[PDB]
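Trainee: The data below comprise the sequence and an experimental structure of the protein.
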Amino acid sequence: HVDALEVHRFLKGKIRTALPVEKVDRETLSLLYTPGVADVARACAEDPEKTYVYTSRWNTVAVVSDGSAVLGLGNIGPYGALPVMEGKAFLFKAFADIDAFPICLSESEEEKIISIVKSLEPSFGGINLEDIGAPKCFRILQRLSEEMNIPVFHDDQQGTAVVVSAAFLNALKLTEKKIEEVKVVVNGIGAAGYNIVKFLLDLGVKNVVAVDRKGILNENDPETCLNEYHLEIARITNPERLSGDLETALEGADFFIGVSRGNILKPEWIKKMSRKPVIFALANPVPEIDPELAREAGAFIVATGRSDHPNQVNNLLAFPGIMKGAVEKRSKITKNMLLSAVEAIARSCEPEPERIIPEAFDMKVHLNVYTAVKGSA
Amino acid sequence: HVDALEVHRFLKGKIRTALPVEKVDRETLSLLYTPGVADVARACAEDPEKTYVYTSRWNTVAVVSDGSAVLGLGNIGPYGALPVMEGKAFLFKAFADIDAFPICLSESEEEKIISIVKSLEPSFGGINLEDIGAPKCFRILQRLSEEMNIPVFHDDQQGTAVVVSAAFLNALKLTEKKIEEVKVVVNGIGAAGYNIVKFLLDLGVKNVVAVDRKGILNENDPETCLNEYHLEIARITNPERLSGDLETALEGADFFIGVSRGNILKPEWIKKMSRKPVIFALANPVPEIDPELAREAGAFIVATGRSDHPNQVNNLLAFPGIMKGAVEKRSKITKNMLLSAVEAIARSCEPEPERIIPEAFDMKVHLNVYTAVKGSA
Amino acid sequence: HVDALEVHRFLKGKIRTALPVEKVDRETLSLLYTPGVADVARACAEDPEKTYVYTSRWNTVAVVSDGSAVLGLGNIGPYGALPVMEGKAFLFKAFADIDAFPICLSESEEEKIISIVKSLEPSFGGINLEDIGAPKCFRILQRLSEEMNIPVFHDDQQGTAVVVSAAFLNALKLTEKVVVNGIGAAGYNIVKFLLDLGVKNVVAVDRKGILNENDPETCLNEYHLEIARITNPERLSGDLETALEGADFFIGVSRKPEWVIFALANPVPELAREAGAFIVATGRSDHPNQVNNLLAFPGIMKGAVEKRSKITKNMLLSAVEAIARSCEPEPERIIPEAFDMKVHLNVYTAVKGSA
Amino acid sequence: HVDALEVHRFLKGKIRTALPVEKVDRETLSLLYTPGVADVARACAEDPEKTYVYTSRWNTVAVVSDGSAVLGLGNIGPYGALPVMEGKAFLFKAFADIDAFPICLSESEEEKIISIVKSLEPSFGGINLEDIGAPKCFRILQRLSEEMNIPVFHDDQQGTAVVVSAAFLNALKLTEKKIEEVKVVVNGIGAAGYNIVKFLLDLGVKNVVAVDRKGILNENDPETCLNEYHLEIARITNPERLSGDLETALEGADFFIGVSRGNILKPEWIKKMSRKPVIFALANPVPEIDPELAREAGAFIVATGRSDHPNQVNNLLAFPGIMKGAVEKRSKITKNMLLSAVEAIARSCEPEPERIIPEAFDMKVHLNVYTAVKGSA
């Protein structure tokens, strides 16, 4: 009977601050505050880059949310978001030694978020956008990364894409199929899906069939398009010009990657997919199909977003290293950096069907991602 | 002999974060992050007050500046401000065990600042405005404290006024004069001066005479009104309707409180003030008159802003206790609470001419301030 | 309603260490380890006092126990004592900012304990003996405090006596002007404080009755003999009931109603309310009027370590007075609670000032 | 001009403690102290292994010295040792997250040290003996590791031997010679030398030649045997039954390993060693021969104990992982565990002449050593 609530109540928060020194005397204050701190102020005004030498800015990250898409719970707001962003901050400290600080905003208009986060630049070495709904989060990420001079990263977009891509590459190796030749069905084209399709295409997949809640995205019957972003996905997708529902998409498919809803992939559809079919059922918290059921129906490899099962595709393998690398580099996160991360995660294990990527507590992963990202232009 | 710069470089910042637990395993994450943290999110969304029980909000404070008036250096900006705000955060932790975090903004238009800070409400239990220039900081303070539901406190305004008030009360006790009957000259109607005038009035002084760089403030010599705030001060000031320069003001005055520029009060003017005259010459870093010189010219009590001399009037006596009390009470900071603090500081020692207030390393002071503020809320 | 065990399990201890710096690079190591640290070594070897300037010694305290008298549980040993010493260390940091560290020893012969603790002198600025049984703890305290040159303090003797004395003085004030039961570590020292304070009729009682040199059965060691010699005015004698009959005060380190009550045994002695009777003090962090060491040790240790001298009668009585003056006594609150920070500041100030 | 002394003074120590929780109230005490702690006390008395579950014992280590052999300084005592043991503790935390405490003893008779440290067993998960002179440290290590049920490790003996061994294996590989055929001269048979000899023999070296102040160790020249431990070494070394000084020993030698004094190996001797000679000159702080001088005289590979030069053979690569592994395993440190560490360090890089082992800041090493040690007998 050890409750998450009980333990939060007892800890009164997961976020501590802490002093460099124990004793605080006249001399200490004259150094760390007035009058000595004036010199450090003069220095940082004359040259902002010197904040990276004389303050904590070289290692501080803002975890920014308006709570418009918290976990699986939806748009619950900044107050609901706060304990979740404290948890992320805790993870940042524990897995990367990054001093992360939750910034939960009571503003949800795009343009306003964007100008608020821009204003924080002097205070942080990096920005981690988290649990901000789609499609606004597409514009918010693009704008802030383009206009800020510290790295800006959105887990549910770039993190998921990185880890899905590394899993995909290893499953594909096990499958023994050519990347240019496989048919990959991606279902659920919100933040993750949009970015997954883009990774898959950069990597070499040529036949990506995208699907969302009114079917396969197709210019020619464009009832298939909630958003402009789905427009963009059909322009670069579905080479065979297929049309119909998920079930139709899966005919002959080699991979299904779902970042969508629970229990929607029926088991008999697996038998209409190609031989040695791979199923990434990452809907949170209930996967698109139950993993055992999928195994029983013939799946070669099954992955989910849960720690309950083997082959957990989890953002945690990505964000510590990426953020650490990017913040040290001090520049914009680039495609090359994200693909270095993909490759690092992938090579961080010898793939087997029951283990196509490492687990997050394997500290070598975080090291290798860090290194990969630090080293890339 | 150690440099402020060298030690900052070595420390790479004065701000740490730190974790509740050492070991981080599957179980710990299931409690402090997913899935357990979803319960906590649901509870805080349902009732935002619960952030005070389940997160660090009960003890976190944002130290907010745009760097428009840093220490004695002026409008150097948010980067120069950062190491200073780090210093302030250090002090909050050391003297009140408050987890303070610097928020240095690259926005300096007053309406934009206001709206940025408002949006941060969910992430903090209190706001400490710091080193924001006058006159914009008057409106900023007023608006944020009226519109936010966590306390907002600006040191240079409210802290200085609190300490100056407590100093004034004790000095007045030692002088043996009636508050209704004394003439008090306040010179320099900026951040501090403005607020010092208002406190003195709230306290019961009747003859306050305000002075700035174009002379005594009087509604009928409109030259003397450099903004709307000076006009406001002129309208609640100067009962005898006096007109002229600082020298004229001081004729018969009992107190001079200067928060202005260096070596401005000529020693011979002291002899034209009333008997047992009191001189708070708080201009930083050079006082309005040299303290020994003022003693020599007949000053009964002399106080400055420096540690160099007896009677250091410094904000540090005020902000720890006030902020701790206010965040705990969760309410807006009120005239009551500020006056509690004044009285608690004043009663924190037995006044004599060379010691009219306590030193800031006397930890009884911070406890008494804290207790006073907690109790009037 | 979270369990003490479950939370100890989740915390995996109440003791952390922590680094001054975050980033650790070639430069940092060259300053804090080799080769820079050799200069600091040379300096401390040439002058041991410099450990107070260059190391954490100025603020570290060893919390020493063999587990021979743990809380109310008895001689459970060093392993049972460990989570308790961890608690005491936690309190030391919380209430005095002292970096305390548990030293639970698997040795219980007194001369060996004494020489082990002596050998630790270079590593600490102070020693807090804790939960070591009587009567060996009387010799252990005296020897270590006489032979070491850092302060050594034993809670259950000096801390309990301080707090009991402050409680007593305030209770006496409310009374508008004394039986001590259980003459172990605490009782012994409680008796002597009450005498130093001015009480004339102290009556000491232990498991064989009221201590009277003329009834030799009542003298379980030399120390009870000593107490019998400076206690009991109407040279009276018998068990407790006779001991307590029409009684100024009852003070117990212990385990009928009819005859001010500090009953301070772990769990209880002897209605602790609704059986009448004016003032009622527990040991518990549970009920009104808790007489606990916590009010004393933080401040006393902080003061003593800073003054660097041996703890004296004067310093302990400072503490007694500072705790007693730390509130306005009313029957339901004859002393402050431990989380009133003012108390620890006042104790610290008092002890510093009498050093 | 930034001094080690100045910085130590400013930090007033490198050791902090820190609390799990920030606020302390009635409820907290009732859980972490009386009366709740009594249940934890009962549990640990009933079963001492439960200290690993309910206290910090699972992760605390005593750093034990009497200061009989501090750094390169000698027998300076426990006060001189203290700032050094604080440094070691700081390393333990930084590289392994181990909570290490300095225990510097004012007792230096060996039996007395032994009984003191045994008495501390309930308070620690592990013992790190440090800077205790030879030959008493031989008996001290052996007795404590035999008699205690927490691991006991002495750096200068076991750590130095582990790192020297890995360096040796990699150097040997680069050399392309067979381990059973090389002549290896070890000079300075103190805490390190004794153990280095024994590891090399375990590893497969057959011609090890031990040398100390009175010459090559040889039972037949009894002068050469300064204690029983040198006699022991003489009996398992020097198969060719050589006799004479270091210079004689080096004729035809393939490796020199010195853990002795500065500037004793003359450059021209290198030319009488075999082809592609390897020189580990680890005397601290001045090497047995200047490294450049050695290169200039024909050395194929040169290593020292300093960070000043390539190929730093330093204990830091070994102790964090070893201690962490051992303390978690809870059992006695074994020969298999130490050889796993040797292998793990060696494989943690691709050896080249200018880099035969990794540097300590390569965090992969510490992970690999930890894994190796945790996994072995």
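Mentor: The structure has been received and is ready for your questions. Numbers count the residues shown, from 1 in each chain, chains lettered A, B, ... in the order given.

Trainee: Pairing partners for the one helix or strand residue A:280 maps to, with directions?
Mentor: Per DSSP states H and E, residue A:280 falls inside strand A:278-281. Strand A:278-281 has the following strand partners under DSSP bridges: strand A:255-258 (parallel), strand A:301-304 (parallel).

Trainee: Residue A:231: which of those strands is closest?
Mentor: Checking these against residue A:231 by C-beta to C-beta gives strand A:255-258 as the closest, at 20.6 Å. For the C-beta atoms, the positions are set from N, CA and C on the backbone; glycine is no exception.

Trainee: Could you identify the helix or strand that succeeds the closest one?
Mentor: helix A:267-270.

Trainee: so what does that next one touch, helix or strand wise?
Mentor: helix A:246-250, helix A:291-296 (3 or more C-beta pairs under 8 Å, 6 or more residues apart in numbering or on different chains; DSSP states H and E).

Trainee: repeat that with 7 Å
Mentor: helix A:291-296 (3 or more C-beta pairs under 7 Å, 6 or more residues apart in numbering or on different chains; DSSP states H and E).

Trainee: Any buried residues in the helix it packs on, and which?
Mentor: Neighbour-count burial for helix A:291-296 flags A:291, A:293-295 (criterion: 16 or more other C-beta atoms under 10 Å in any protein chain shown).

Trainee: Nearest to chain B among the residues you listed?
Mentor: Nearest to chain B out of these is residue A:291 (C-beta to the nearest C-beta; 17.1 Å).

Trainee: quick one, what contacts that closest one?
Mentor: A:281, A:302, A:304, A:309 (C-beta atoms under 7 Å, 6 or more residues apart in numbering or on different chains).

Trainee: Adding mean neighbour count, write the strands paired with strand A:278-281 out as JSON lines.
Mentor: Shown next, in JSON lines, are these (neighbours: other C-beta atoms under 10 Å in any protein chain shown):
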{"stretch": "strand A:255-258", "mean neighbour count": "27"}
{"stretch": "strand A:301-304", "mean neighbour count": "26"}
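
Trainee: Just tell me which of these ends up closest to residue B:349.
Mentor: Ranking these by proximity to residue B:349 (C-beta to C-beta) places strand A:301-304 first, at 66.4 Å.

Trainee: What's the first helix or strand after the closest one?
Mentor: With elements assigned by DSSP H and E, the helix or strand that comes after strand A:301-304 is helix A:319-329.

Trainee: how about that next one against chain B, any contact?
Mentor: No. Using C-beta under 7 Å from any C-beta of the partner chain, helix A:319-329 never reaches chain B; the gap is at least 11.9 Å.

Trainee: which among the contacts of residue A:291 gets closest to chain C?
Mentor: Of the contacts of residue A:291, the one sitting nearest to chain C (C-beta to the nearest C-beta) turns out to be residue A:309, at 25.5 Å.

Trainee: returning to that earlier point: quick one: residues in contact with the strand holding residue A:280.
Mentor: A:164, A:167, A:171, A:175, A:254-258, A:265, A:287-289, A:291, A:294, A:299-304, A:313.

Trainee: The longest helix anywhere in chain A and chain C in contact?
Mentor: Ranked by residue count, the top helix of chain A under DSSP state H comes out as helix A:78-96. No. If you take C-beta under 7 Å from any C-beta as the test, helix A:78-96 misses chain C, and the best it gets is 10.2 Å.

Trainee: Check the offset of that helix from the chain's centre.
Mentor: 14 Å (C-alpha atoms, centre = their mean, to the nearest Å).

Trainee: swap in stretch A:210-228?
Mentor: For stretch A:210-228, the distance from its own C-alpha centre to the chain's C-alpha centre is 24 Å (C-alpha atoms, centre = their mean).

Trainee: wouldn't residue A:259 be in contact with residue A:192 here?
Mentor: Yes. Judged on C-beta atoms under 7 Å, residue A:259 makes contact with residue A:192 at a distance of 4.1 Å.

Trainee: okay, and the common contacts of these two?
Mentor: Shared contacts of residue A:259 and residue A:192 (C-beta under 7 Å, 6+ apart): residue A:160.

Trainee: Mind telling me which residue of chain A is nearest chain C?
Mentor: Of all residues in chain A, residue A:6 sits closest to chain C, at 4.9 Å by C-beta to the nearest C-beta.

Trainee: what's the spacing between that residue and residue D:286?
Mentor: Separation of residue A:6 from residue D:286 (C-beta to C-beta, to the nearest Å) stands at 60 Å.

Trainee: So which of the two has more stuff around it?
Mentor: residue A:6 (19 against 16; other C-beta atoms under 10 Å in any protein chain shown).

Trainee: picking up where we left off before, grab the CA positions of the strand holding residue A:280 and hand them over as PDB.
Mentor: This file holds the C-alpha atoms of strand A:278-281, laid out as PDB (Å, rounded to 0.1, in the frame of the first residue of the first chain):
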ATOM      1  CA  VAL A 278       6.800  -6.300 -37.000                       C
ATOM      2  CA  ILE A 279       4.500  -4.500 -34.700                       C
ATOM      3  CA  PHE A 280       5.400  -1.400 -32.700                       C
ATOM      4  CA  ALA A 281       2.300  -0.700 -30.800                       C
END
